[PDB]
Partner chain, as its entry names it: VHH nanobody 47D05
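Starting off, we have a lone chain in the form deposited without the partner chain, written out as C-alpha cells.
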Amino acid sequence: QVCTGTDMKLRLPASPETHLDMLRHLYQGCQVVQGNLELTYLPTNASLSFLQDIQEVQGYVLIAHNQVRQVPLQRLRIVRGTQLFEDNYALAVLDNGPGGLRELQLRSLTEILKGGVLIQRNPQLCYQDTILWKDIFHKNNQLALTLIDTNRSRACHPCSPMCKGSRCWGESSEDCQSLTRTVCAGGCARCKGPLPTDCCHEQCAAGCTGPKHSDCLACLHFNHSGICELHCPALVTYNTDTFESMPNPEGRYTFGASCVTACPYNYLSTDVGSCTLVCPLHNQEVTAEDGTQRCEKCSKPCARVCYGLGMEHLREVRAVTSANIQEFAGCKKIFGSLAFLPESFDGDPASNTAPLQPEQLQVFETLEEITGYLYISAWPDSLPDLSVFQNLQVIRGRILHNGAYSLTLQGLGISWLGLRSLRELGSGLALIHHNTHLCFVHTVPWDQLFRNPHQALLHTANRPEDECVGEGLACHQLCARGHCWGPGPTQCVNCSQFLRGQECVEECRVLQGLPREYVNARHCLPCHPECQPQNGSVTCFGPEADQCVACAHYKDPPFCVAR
C-alpha cells in the first residue's frame, strides 16, 4: 500500500496510451504516497477507480491539464507537502478544461502541513472559491498563498441546505466540508465539534474520532502500530542508570512519515533507524545476506567510489556526454542513474562538446549495478542491441525518470535487447514506446525481474506480430518457457542445458569433440588441452591436468606438461 509517486511537473507524457495505465499500475491500492500525487494529461472516459483509497500524500497534489469530469479523491486525508510544486504551493489544480473538472469532491481533506493552494485556469469548476482554507491549514502557515481562480463561465446551483456555513465542495448533501479548526474552543488545534471535550490529541493532524492518540484521522509526525507521536522509537535505548546503550526490541525503522517493522527493498537502512534512498558520506552500501541492504560506517580514507547522474559530482547535466565519460572508468557500481538524451549524440557549436562514438561505450562493459534509472532515447546504427550493457545485473531504481520509470527506451533503432545478465529490476516501471524495429518485447521474463506488486511493463507502438513470424524473428528452443532476449542462443536467461562461455549449448563435448570439457552443475568448462582424449569415456574432471586418467606425452607427479 506504499507507492513512490511520479515527478511530472509540467512536461508532456512520453506515451499518452500508457500514461493512464502507468497511473493504474502505480496508484492502485495506495494509502500513503511517499512522493507526489500527480494527475497530468488524462482524457475523458478514464477509469479512475484506483484513486478511491489514497489518504496520505507526503508531497504536493497536482491535477494538471486533465479533461475528466471528476477526480475521485474523496478519501484524501492529509497533504504533508515535503516536496512542493512551486516554492509555496501544495495543492495545484491547473489548466483543466464537455471536458474540464466539474467538482473537486475533496471531502476528507482537512489538513495541509506545508504549502499553499493554486487553483487557476479552470472554467468548469464551481466551488473553488467558497472553501475556507484557513480551516485546513496549519498554524505555522496561516499566511499561506491561496491563489484561487475567479472566472468560471458557468452558473450552477448553491450548496446543500442541510449543512450551514455554505462551505461545500460540490452539489451532494454528504459532500460539504466539516470545520475542524475554526469551530474549536480555547487552544484546540483540531476538534470534532465546538465542545472542548471533543478536541483532538496534539499529535493528531487531520482531526480524530476520540480524545485518545491511537485514533487520529491522520497523524502529525510518526505512526507505528496505530500509535502516533512526535518521536519515533529508535533502535538504541540509552539507560541513564549505569550510562549504557542497549538494542531496543521495540524500536521501529523510520520510513517516510511512519515507523515500520522493516522497511522494504531499495531503502538503505542507517545506524539511527531511519532508512531512506541514499546514504550520506563516510558510508558504504553493504549487503546483509538477506536480500536487503544496510549501510554502515566505512574505513578511514574512503576516498573514491563511482558516482553518476543526479549526484554530488553531476547535478545540472541530464545526459552522458564525452565530458563526463572519464568519471565512469571501470566502476562496477554507479551511484546514480544513466540517461542518453538525443542531445548527447549531437554536436553543439561553441561549446567544445564532442558527440559520442559506439567504441566509447565499452567503458560501460564492467557495469553490474545501477542505483537509479536507465533512460535511453538515442542509439546509433552501428550495433542493434545493448551488448555494451550485457553485464548489467541489477537496476535498483532509487532515482526514477519522471518518478515512475526505471527502464525507458524512447524511439530507438534497437531490434533485440540483449540485456543478458539482467536479473532484478528494483523499483519503478519499464516503458517501451515508438520503437519501430524492436520485436523481442514480450519474450522477456518481466515477472522474474520484478520485486514489487506495483511493477509492470508498459509497451506500445512496437513491431507487431505479423512482422516477426514471416520474417523469422524467433530464437531457438533452448530458452525455457519462452524467456528469450535475442535470436542468438547465447542470450537465454535460464536454459535447461549446460553453458559453454555464456552460451547455452545442447550437449557438452565430453564423449565426443576434439577438445575436452568438464561438467559443472550449470556450466561446462574447458580444462587443460593436453589431457588424452578418451574414446568413449569421461575424460576430464577438473581444471588441473592431474585429475585425468591419462594424458598425452609426459607423466610427472604434479601434472602432465608438454615439455
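Heads up, when I say rigid core I mean the largest set of C-alphas that superpose within 1.5 Å between the two forms. Residue numbers count along the first chain shown, from 1.
* How many residues sit between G97 and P98 in the deposited sequence but have no coordinates: none, 1 to 3, 4 to 9, or 10 or more? -> A long stretch, 10 or more residues, is missing between them.
What comes next is about the form solved in complex with the partner chain, which does not appear here.
* Asked: Would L104 sit within 4.5 Å of the partner chain in the deposited bound form, counting heavy atoms only?
  -> Taking the distances in the deposited bound form, the answer for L104 is no, it never comes within 4.5 Å of the partner chain.
* To do: Could you confirm whether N452 comes within 4.5 Å of the partner chain in the deposited bound form, counting heavy atoms only?
  => Close contact is absent here: in the deposited bound form, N452 is far from the partner chain, nothing within 4.5 Å, heavy atoms only.
* To do: Using the partner position in the deposited bound form, report whether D87 sits within 4.5 Å of the partner chain, counting heavy atoms only.
  => Yes, contact at 4.5 Å.
* Asked: Taking 4.5 angstroms as the cut-off for heavy atoms, does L220 touch the partner chain in the deposited bound form?
  -> Result yes; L220 sits at the interface with the partner chain in the deposited bound form.
* Asked: Are all three of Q1, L51 and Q74 close to the partner chain in the deposited bound form, meaning a heavy atom of each within 4.5 Å?
  -> Not one of the three qualifies.
* **Per-stretch contact check against the partner chain in the deposited bound form, the hit in 331 to 339, 142 to 150, 442 to 450, 422 to 430 (non-hydrogen atom, 4.5 angstroms)** => Partner-contacting stretch among the options: 142 to 150.
* Looking at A456, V394, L113, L314, which has any heavy atom no more than 4.5 Å from the partner chain in the deposited bound form? -> Among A456, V394, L113, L314, a heavy atom within 4.5 Å of the partner chain in the deposited bound form occurs only for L113.
* Asked: Which one, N324, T82, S108, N266, lies within 4.5 Å of the partner chain in the deposited bound form by heavy atoms?
  -> Residue within 4.5 Å of the partner: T82.
* Determine, with the core as the superposition reference, the one member of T182, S421, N140, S172 that shifts its CA by 2 Å or more between the shown form and the other one. => None of the others reach 2 Å, which leaves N140.
* Direction of C-alpha distance change in the deposited bound form, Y127 to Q142 (at least 3 Å) -> Between the C-alphas of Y127 and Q142, the gap widens in the deposited bound form (3 Å or more compared with this form).
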